[PDB]
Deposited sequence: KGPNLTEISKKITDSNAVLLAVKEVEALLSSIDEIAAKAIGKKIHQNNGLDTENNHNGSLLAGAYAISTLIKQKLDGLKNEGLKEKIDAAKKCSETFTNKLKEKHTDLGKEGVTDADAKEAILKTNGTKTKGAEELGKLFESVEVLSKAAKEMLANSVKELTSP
């Protein structure tokens, strides 16, 4: 069934999915520094408390880059869900920058570094709560882009 036109659909849905999964991986990098590198460079181990002011700045850079790549996402079909992650990335980046009072210093404590970018422990006052539904908003976007690719492939085998 219209094999030459389907290949364009499959390729188009591929590019959209790839661009979302790239934003996905940037989020997973923000997660890895949160649960593996917060307050911890050594011969063994690959403990040092209360000094993460740099690690916070690097993760702020990733969050900006996440917004830039989201602005480059243009697909008239996924427009509903793209703008959701669009403004979700905005409230996140703004939140860390909104209060530099505990994030724009060299010695940010563990309970504050775990607070802004670690979505695991209990306290999520200023920070990781906004990281929370930014991840979830990309989950929605990633699933939709996956299903659009599957539906394009599904068009091949139709009777």
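Within the chain's deposited sequence, the coordinate-free stretches run 1-2, 43, 50-51 in sequence order.
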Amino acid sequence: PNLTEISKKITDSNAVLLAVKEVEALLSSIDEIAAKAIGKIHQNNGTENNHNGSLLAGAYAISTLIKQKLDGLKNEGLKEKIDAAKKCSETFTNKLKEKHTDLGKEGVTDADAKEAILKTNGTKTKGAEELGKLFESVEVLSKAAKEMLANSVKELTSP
From here on, numbers count along this sequence of modelled residues.
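In this entry, 85-93 shows the higher mean Cα temperature factor of the pair 85-93 and 68-76. Annotation for 5-13 versus 19-27: the higher mean temperature factor (C-alpha) is found in 19-27.
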